[PDB]
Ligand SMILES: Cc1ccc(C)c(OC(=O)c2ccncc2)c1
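Okay, so here's just one chain, in structure tokens, the form solved without this ligand.
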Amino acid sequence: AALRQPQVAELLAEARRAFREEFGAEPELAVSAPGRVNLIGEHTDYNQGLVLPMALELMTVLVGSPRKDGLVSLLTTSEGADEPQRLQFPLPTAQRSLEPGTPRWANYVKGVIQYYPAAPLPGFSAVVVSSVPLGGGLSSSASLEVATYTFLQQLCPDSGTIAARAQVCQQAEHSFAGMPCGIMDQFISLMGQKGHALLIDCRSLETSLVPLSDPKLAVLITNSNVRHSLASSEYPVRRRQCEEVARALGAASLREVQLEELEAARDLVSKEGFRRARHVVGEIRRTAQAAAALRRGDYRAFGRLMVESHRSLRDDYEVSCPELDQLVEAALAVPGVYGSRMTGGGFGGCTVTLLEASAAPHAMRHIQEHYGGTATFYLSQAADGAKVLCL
């Protein structure tokens, strides 16, 4: 059975209750920002590549009020954050910028405040609630960042585009969480549309909505509930390796490189560098092709490209893990599935399976049996992106 995904009104109700308790009054302001699953296009965003994510009904809700004292007071209800669940700190000033510290979870919020481009920002009181599993590879980090950004807009309206907001949150993750992420997770949290995946061009920042308007078609997310300790360990190593292959080929990014230049420049780069870069040029072509397939309603072919994505991620990019491999195989055994693959950064988190809606019950029953650990499941539809909730 799939996990019940609580609606915005339920999270917003728990957020109001926890806030009213903590601060002594009803909060004035509220926002939501969703998590995400990448259908295909993994380890391409920081290579100026193509990705095809959708926003989930799994989301972070922030409620709060402005203060007059220039302090920030936070409570997260998520049990997976490092303690304390409470933190206060002063707004950054001309005299003193914020610095990352403990607890680590608040570094995400500190970073978005630090880089928020509009002034004057007042202090505020806020509670965070989330149905996005922390560390699940469904972007709880981006969801928290974009909820924070969208809350700050309610206190002090910004002047810029949705791309700039995504880049503020990305910068927060780089400087304050030490995670050199690409733009995808922030961009989909902001830009998601109900009943659509987004083809995102991480070079141009052009976005194409592709309809997911088909009740025969189900996206199943399977959480391995494994988080191996290569996560924010081997991810920065892959990004730097890609960037060295590009510079040693004289390209601004691997987006500017094709498999034929790469094969011809094999002696200019490490054996490992070649393999990383082979995944990325392949993956960019696969996600352009997969987008076109999805538009024409050719699920068979989209599934094929998904399974080629998994193989490439597992062997050439080495960011899968026995648990994710086992889920992907178990899912491909089930009559009615088009494809299955790891989604997110890897070394744990979730798989994304595309299949016939009528197969979902069997798919779940099968996968859980044929999995060593304990999988949770989500039947997900493409959700809206970040919005204001008027209290």
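Rigid core (definition): largest C-alpha set, two forms, superposition within 1.5 Å. Only residues modelled in both forms are compared. All residue numbers refer to positions in the sequence shown, first residue = 1.
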Practice prompt. Select between 332-340 and 50-58 the stretch whose C-alpha atoms have the higher average B-factor in the entry.
Written response: 332-340
Worksheet item: Averaged over C-alpha atoms, is the B-factor higher for 25-33 or for 360-368 in this PDB entry?
Response: 360-368
Worksheet item: Among 301, 163, 106, 72, where is the Cα temperature factor highest, going by the PDB entry?
Response: 301
Worksheet item: Hey, out of 250, 136, 90, 180, whose CA B-factor is highest in the deposited coordinates?
Response: 250
Practice prompt. Could you say whether, by C-alpha temperature factor, residue 65 belongs to the lowest, middle or highest third of its chain?
Written response: lowest
Worksheet item: Looking at the C-alpha B-factor of residue 326, is it in the lowest, middle or highest third of its chain?
Response: highest
Worksheet, complete the sentence: On the chain's distribution of Cα B-factors, residue 297 falls within the third called highest
Practice prompt. Divide the modelled residues of the chain into thirds by Cα B-factor and specify which third, lowest, middle or highest, holds residue 281.
Written response: middle
Discussion item. Looking at the temperature factor on the CA atom of residue 263, which third of the chain's modelled residues does it land in?
Written reply: highest
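The following text describes the form solved in complex with this ligand, which does not appear among the structures shown.
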Response to the item:
Counting only non-hydrogen atoms, the one stretch of 88-96, 205-213, 113-121, 254-262 within 4.5 angstroms of this ligand in the deposited complex is 205-213
Discussion item. Is it the case in the deposited complex that 218, 294 and 354 each bring at least one heavy atom within 4.5 Å of this ligand?
Written reply: yes
Worksheet item: Is there a non-hydrogen atom of residue 149 within 4.5 angstroms of a non-hydrogen atom of this ligand in the deposited complex?
Response: no
Worksheet item: So, in the deposited complex, is residue 274 in contact with this ligand at a 4.5 angstroms heavy atom limit?
Response: no
Discussion item. Residues present in both forms only, core superposed, 2 Å C-alpha shift required: which runs of three or more differ between the shown form and the other one?
Written reply: 1-9
